[PDB]
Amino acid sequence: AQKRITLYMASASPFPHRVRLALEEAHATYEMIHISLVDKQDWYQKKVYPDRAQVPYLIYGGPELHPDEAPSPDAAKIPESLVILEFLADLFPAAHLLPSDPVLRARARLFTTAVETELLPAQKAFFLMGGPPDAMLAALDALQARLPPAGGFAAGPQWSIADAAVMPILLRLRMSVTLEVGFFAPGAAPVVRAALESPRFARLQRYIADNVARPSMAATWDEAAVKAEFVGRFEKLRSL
């Protein structure tokens, strides 16, 4: 049997979306609970996750959870979207959320490492610090060249959690420069938008379409819900 999975989450961040993708790809059974910035004050820092009150957060095991309850002592609390991706691959081995070959598992984890050390820093300096679009586009060149040039997904022919880790990021990057919502340099957003639609990113376009076609994306991507919450998160930042 499958012990109980309750995911604490939100829509603006790419990070809960990563977890949902894997959960869907494993045809897992789970419930979701949403979490606001007022939830993290009133009850989610006091009652559920005191250390850092971050989502995403998996509760594995124990009984049915509703909002404002504390997780049972005996259930496991698992933060950190990448660890959770690894946990799901361990929990659902029949789903091959990671390939079986040790070298191709490394290749998946090297892909993710680079999303984290290279793609995310570039996005931050570009969308949040007004950096120039050259830097952003060169990070995207590099990401694209790490894709298998002979086609398929990040680690090769089979979908893996390396795809779950980057795809939420690319979708929101595209949205944020399509809506021009960000702390961009002047005209930076439409430079990046037009380049992502051009031949320089053919391989990446194809990779995005290959991921968006799988039933797991339709099941985890709600344009409006993400947009709504993405715009909001930008205004929070903006204020302060």
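The numbering used is simple: start at 1 and walk along the sequence shown.
In this entry, 70-78 shows the higher mean Cα temperature factor of the pair 106-114 and 70-78. Of the two stretches examined, 188-196 and 53-61, the record assigns the greater average C-alpha temperature factor to 53-61.
The residue among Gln205, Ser36, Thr29, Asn211 whose C-alpha carries the highest B-factor in the deposited model is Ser36. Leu171: CA B factor in the lowest third of modelled residues in this chain (values from the PDB entry). The deposited CA B-factor of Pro133 belongs to the highest third of values across its chain.
Ranked within its chain, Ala22 lands in the lowest third, by CA B factor from the PDB record. In this PDB entry, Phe127 carries a Cα temperature factor that places it within the highest third of its chain's modelled residues.
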